[PDB]
Amino acid sequence: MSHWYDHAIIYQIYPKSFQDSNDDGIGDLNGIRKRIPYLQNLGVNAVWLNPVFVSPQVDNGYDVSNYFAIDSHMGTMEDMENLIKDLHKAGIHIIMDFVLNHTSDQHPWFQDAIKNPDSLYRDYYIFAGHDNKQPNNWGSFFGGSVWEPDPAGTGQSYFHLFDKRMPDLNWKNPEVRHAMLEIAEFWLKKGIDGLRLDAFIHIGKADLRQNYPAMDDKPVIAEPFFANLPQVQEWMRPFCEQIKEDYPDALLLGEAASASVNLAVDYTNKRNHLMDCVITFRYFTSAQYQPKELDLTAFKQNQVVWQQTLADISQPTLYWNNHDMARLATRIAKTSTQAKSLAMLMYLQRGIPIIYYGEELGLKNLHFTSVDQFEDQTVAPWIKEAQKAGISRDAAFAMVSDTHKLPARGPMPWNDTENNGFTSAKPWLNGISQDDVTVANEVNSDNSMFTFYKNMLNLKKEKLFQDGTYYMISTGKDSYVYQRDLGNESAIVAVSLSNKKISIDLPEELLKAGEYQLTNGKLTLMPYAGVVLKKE
Ligand SMILES: [Ca+2]
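Residues numbered from 1 in each chain as written, not as in the entry; some residues may be left out. Heavy atoms only, no water.

As stated in the entry header, the method of structure determination is X-ray crystallography and the reported resolution is 2.7800 Å.

**Here's the deal with the side chain of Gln19**
Along the polypeptide, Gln19 turns up in the loop between strand 1 (10–13) and helix 1 (29–34). Accessibility expressed as a relative area gives 1% for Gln19, which makes it buried. Here the side chain of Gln19 touches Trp414 through a polar contact of 3.2 Å, side chain to side chain. Not counting the four nearest positions on each side in its chain, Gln19 is found in contact with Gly27, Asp28, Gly31, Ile32, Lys34, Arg35, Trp414, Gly421 and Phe422. (Helix = DSSP H or I, 4+ residues; strand = E, 2+ residues; numbered from the N terminus. Buried < 20%, exposed > 50% of the residue type's maximum accessible area, 1.4 Å probe, protein only. Polar contact = N/O pair within 3.5 Å; in protein donor to acceptor, adjacent residues only side chain to side chain. Contact = heavy atoms within 4.5 Å.)

**Comments concerning the sheet that holds strand 2 (residues 46–49)**
The strands making up a sheet are joined through hydrogen bonds of the backbone, oriented either antiparallel or parallel. If you walk across this open sheet you meet the eight strands as 9-8-7-3-2-1-11-10, and the pairing is parallel. Of all the strands in the sheet, the pair left with one neighbour each is strand 9 (277–279) and strand 10 (317–318). Looking at chain direction, strand 7 (residues 194–198) and strand 8 (residues 251–255) are connected through four bridges and run parallel. Directly across from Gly194, in strand 8, lies its bridge partner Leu251. (Pairing = 2+ DSSP bridges.)

**Overview of unusual backbone geometry**
Most peptide bonds adopt trans geometry, and most residues besides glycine take a negative phi value. The omega torsion of the bond from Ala152 to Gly153 falls at -5°, within 30 degrees of zero and hence cis. Here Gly153 lies in the loop between strand 5 (147–149) and strand 6 (157–159). Looking along the chain, the bond that leaves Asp216 and enters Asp217 is cis, with omega of -15°. Looking at the element boundaries, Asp217 is found in the loop between strand 7 and helix 6 (223–226). Here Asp23, not a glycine, exhibits a phi torsion of approximately 55°, which is positive. Within the secondary structure, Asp23 is located in the loop between strand 1 and helix 1.

**As for helix 8 (residues 261–268)**
Counted residue by residue, helix 8 has six buried out of eight residues, so it is predominantly covered. When we look at burial in helix 8, the residues that qualify are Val261, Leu263, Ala264, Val265, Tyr267 and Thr268. Along its buried surface, helix 8 packs onto helix 7 (230–246), strand 9 and helix 9 (296–309).

**Some words on the coordination of the calcium ion**
Taken together, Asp20 (OD), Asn22 (OD1), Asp24 (OD), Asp24 (OD), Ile26 (O) and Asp28 (OD) make up the protein donors of the calcium ion, found 2.3 to 3.1 Å from the metal. Its six donor atoms give the calcium ion angles of 43 to 157° at the centre, a pattern that matches the irregular case. Along the chain, the residues that donate to the calcium ion are spaced as D-x1-N-x1-D-x1-I-x1-D. (Donors = N, O, S within 2.8 Å, 3.2 Å for Na, K, Ca; no water. Tetrahedral: all angles 85-135°; square planar, octahedral: opposite > 155°, others 65-115°.)

**Some details on a nonpolar patch on the surface**
Among the surface-exposed residues, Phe141, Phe142 and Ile221 lie close enough to one another that they form a single nonpolar patch of about 300 Å² accessible area. Among the structural elements, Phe142 can be located in the loop between strand 4 (127–128) and strand 5. (Patch = residues over 30% accessible without salt bridge, like charges linked within 9 Å, V, L, I, M, F, W, Y side chains within 5 Å. Areas by Shrake-Rupley, 256 points an atom, 1.4 Å probe, with all protein chains shown as cover. Salt bridge = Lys/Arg side-chain N within 4 Å of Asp/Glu carboxyl O.)

**Let's talk about the pattern of salt bridges**
Applying the stated criterion across every chain, the model contains twelve salt bridges. Taking the shortest distance from any N to any O, the salt bridge between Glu81 and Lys190 comes out at 3.9 Å. Note that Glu81 is positioned in helix 3 (residues 77–89) and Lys190 in helix 5 (residues 174–190), a separation of 109 residues in sequence. Judged by its relative accessible area of 26%, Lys190 falls in the partly exposed class. Of the charged contacts, one joins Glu293 and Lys334 as a salt bridge, the two residues approaching to 4.0 Å between their closest N and O atoms.

**Quick look at the domain arrangement of the protein chain**
Along its sequence, the protein chain is carved into domain 1 (1–103 + 174–468), domain 2 (104–173) and domain 3 (469–536). The C-alpha centroid of domain 2 is placed 28 Å from the C-alpha centroid of domain 1. The partner domain 2 presents 32 residues to the 36 residues of domain 1 that form the contact. With both sides pooled, the region where domain 1 packs onto domain 2 buries about 3200 Å², and carbon together with sulfur makes up 68% of that total. Interface area lost by domain 1 to domain 2 is led by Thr103, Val176 and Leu208, which between them contribute 21%. On inspection of domain 1 and its partner domain 2, the count reaches one salt bridge. We note a salt bridge from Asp168 to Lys205, for which the minimum N-O separation is 3.0 Å. (Domains from an automatic or database assignment. Buried area = accessible area lost by both parts, 1.4 Å probe.)

**Remarks on the packing of aromatic side chains**
The description of an aromatic ring pair uses the distance of the two centres, along with the angle that the planes make with each other. Summed over the entire model, instances satisfying the criterion amount to 42 aromatic pairs. A ring pair is formed by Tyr283 and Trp306, whose centres lie 6.0 Å apart and whose planes are at 75°; its orientation type is edge-to-face. Among the residues examined, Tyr283 registers a relative accessible area of 0% and is labelled buried. In this structure an aromatic cluster arises from ring pairing among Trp138, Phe141, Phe142, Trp147, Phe159, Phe162, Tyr212, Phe225 and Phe226. One residue, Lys190, lies across the ring of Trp187, its end atom 5.8 Å from the ring centre. Its guanidinium or amino end placed over the ring of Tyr357, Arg327 lies 4.6 Å from that ring's centre, counting from NZ or CZ. (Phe/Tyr/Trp six-rings, centres within 6.5 Å; stacked < 30°, edge-to-face > 60°. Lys NZ or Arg CZ within 6 Å of the ring centre and 35° of its normal.)

**Here we look at helix 14 (residues 393–401)**
Taken together, the buried positions of helix 14 are occupied by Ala396, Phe397, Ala398, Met399, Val400 and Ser401. On its buried face, helix 14 is in contact with helix 12 (371–374) and helix 13 (379–389).

**Things to note about the nonpolar core**
Residues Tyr11, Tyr38, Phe98, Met236, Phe239 and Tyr267 are the most contacted members of the largest nonpolar core, which totals 152 residues. Considering each element in turn, this core owes the most residues, eight residues, to helix 5. If you look at the next biggest cluster of nonpolar residues, it comprises 13 residues, including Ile126, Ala128, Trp147 and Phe225. (Core = buried A, V, L, I, M, F, W, Y, C linked by side-chain atoms within 4.5 Å.)

**Section: the sheet that holds strand 4**
The three strands are arranged 4-6-5 in an open sheet whose pairing can be described as antiparallel. Every other strand in the sheet has two partners, leaving strand 4 and strand 5 as the edge strands with one partner each.

**Here we look at the pairing of strand 8**
In terms of burial, strand 8 is a largely internal element, five of the five residues being buried. Residues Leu251, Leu253 and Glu255 point to one face of strand 8 and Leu252 and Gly254 to the other, with burial holding for every one of them.

Put into structure tokens, the structure is as follows:
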């Protein structure tokens, strides 16, 4: 059999910034329903929306306090059932972020164990200790220890791998494993078509009695003790198999952020009955907020390694930018021409494109003043360093605004009405919006970024670019170039990464996507440009 997701094309929405439909300045699900026409015109066949479960919003809703309802700002279960009905009527699927490693301190289960030390929900989380002592030196990704002495408070301590308020689930206890399955099945019965299984690599944690020998004696971020353990695969296996059995058209898409490529195999290999695909973070490359310079050859090695090592097994995921990173323009594009060229570069390879909302319009990071807006701690102390450097106030803010995750959640600019018709009230975030793009301007203008992605996406649907093999061409270190072939038919994508015009040796030759080039047999590309050439 073949399933809908084999020929998938995914549009990621951070729904707080997509469309506000009740004038609170916060985007909602009814907003997204209003803009289904826009999505069809772009040609995306699936929407992955960010978490929308009831949640304290301590960490963009991945700190979940109730999987069975729906955050009040976003709307009502009625709205969500209708969104998944409307999208299905437009031939569009939907997939949700579902986090398997932790809940919030607010989840009923944790609230039972924090208040009853004799509760059976103490086993649903990870508790150990003597007299507010940490039983080992493991350190969280968010700072200090993974341990937090319980409020209950017996002089034990509960495990959190991230923030103190996001306690980890004990996957050893099979009562959690069924429960998480029940959450997944619940949503699949609603008719959501897949699920982004988040932080799943961390369900496995070592023998708690062990320490990691370190710098000493500060608690240490010991990935080996709580990432990619054999337990991960054995606990996921029945979880995945059960989902598949009952909902076989369901996409199970993993987050293996910075996992081994050999691990991406383990998680995606059909033999192991786990995941269909995996997002990886390994594609890419005062201290810490200085504008990023992509190590361009390193990108080429990883892009090839991944396309190659996964050729026989699984589709790679194809993405540029995100809700947790600076947008494409800003972070890496130098021009409208390169923005187009890069999208081409990445997405016409073998895989499933995941394109971030607003990337298609060629949006940039918002750019703004005041630490508060950032919802981040390190920005204040970091700006002080550059100021000492004597980089202007203006310039210091810019640098951080051009590198930080949060400026990449700008509201969609849809039109020329107030707040670009995103809302009517104060939008939940706003700043400079440097510089002004709107969907009205780009849906008409066939020169625009949008029209390029539209045409680019219709090409991607073709049997050549969906199912064909991939082979990266011998390297202009200047330029990214590769070939896609069905065996019967064949085409070459070629993209300039130089600001000076450059030349390419290749066979012969029909064009479809492209932005200014030469025709002889040898090929010359205008600066940062690129073209798709079908052979004979
Ligand atoms: Ca709203």
